[PDB]
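Coming up is one lone chain in structure tokens, specifically the form deposited in one PDB entry.
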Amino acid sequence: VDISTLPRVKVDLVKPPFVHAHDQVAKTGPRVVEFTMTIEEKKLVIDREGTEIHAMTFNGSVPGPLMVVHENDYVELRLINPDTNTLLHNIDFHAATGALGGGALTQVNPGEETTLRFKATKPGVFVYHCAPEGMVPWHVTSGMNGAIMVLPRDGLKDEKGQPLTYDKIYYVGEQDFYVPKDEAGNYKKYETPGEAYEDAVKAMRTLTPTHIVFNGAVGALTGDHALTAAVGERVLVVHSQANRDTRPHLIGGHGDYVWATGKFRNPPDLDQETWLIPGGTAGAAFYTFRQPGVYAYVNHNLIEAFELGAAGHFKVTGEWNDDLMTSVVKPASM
């Protein structure tokens, strides 16, 4: 069909871990879904010690926001690189077909913009990331990555062909950073991106992240920013990692239905404790909460979780089920 004849709609994005409002069951036929993102280079404090890096972002956040469309919609993105930025950027969608995912068509210097369109032909969650030729891992590992969800037009299904309907959705972007260190082990600081580049390449080549965080910083998804749910609520957690493997795990829960490699035409894996999301992939886990209280949601390399930053919390409200779990004899001397 002629694209000028399709319905169109403009989306307004939200900051992770929240996700812009959408309908699971598509209420139109295929449409052109219009997004705008503004690139922002900015200083970010990433840990409790105060370590500050020069982050490269889509729309001011690490990760960039989650975009949501349906299968066979067209994604039309206006990408803006303001003149207050210093570097060249572009965008590669793993959801898209051709021209290096879009990166060959979207190179923008500071002071430029561009508009890309692609057809979202395959249902799933997918990574998107900046990828300028010759400096690709530097941009990705400076935070310049996010994800897009392409829902089936009829929503998610279980393997029996019955619907799986989530009540809430969160997007957890997991970021490996490589802050350059001196031989004593202290982080270096730099005067310009160009003076940092070789140091950044050397740090990356060690293959050892200095920090691994959710939503851009140690502790970002804790305290006043903990994730929330009620007992009985169905929650979808989309989780991306653009550069290294991760192994997500809900401490005190499970993934009832998990698309570990993120693609909805496949039946989900059931009853997972932990799953493997390869670097360069988005995955998705569906869980119905059964107990109240605090949960930690982690990368289950527990060093990566509890020493390097890859840990957030849920606070869950409701009644405690002693059939599922109880303390028979509380800790006591003996």
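Each residue number is its position in the shown sequence, starting from 1. The term rigid core refers to the maximal set of C-alpha atoms that superpose within 1.5 Å between the two forms.
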Looking only at CA atoms, which has the higher mean B factor in the entry: 107-115 or 181-189?
181-189
Would you mind comparing 200-208 and 238-246 for me and telling me which has the higher average C-alpha temperature factor in the entry?
200-208
So among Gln162, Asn145, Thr261, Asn72, who wins on Cα B-factor in the entry?
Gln162
Chain-relative C-alpha B factor for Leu221 (record values, thirds): the lowest
Lowest, middle or highest third: where is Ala230 by C-alpha B factor in its chain?
highest
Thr288 by Cα B-factor - lowest, middle or highest third of the modelled chain
middle
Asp167 - Cα temperature factor, lowest/middle/highest third of chain
middle
Sorting the chain's modelled residues by C-alpha B-factor and splitting them into thirds places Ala26 in the highest
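Missing here is the form deposited in another entry; even so, the following discussion is about that form.
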2 Å or more on the CA of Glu183 between the shown form and the other one, with the rigid core superposed, yes or no?
yes
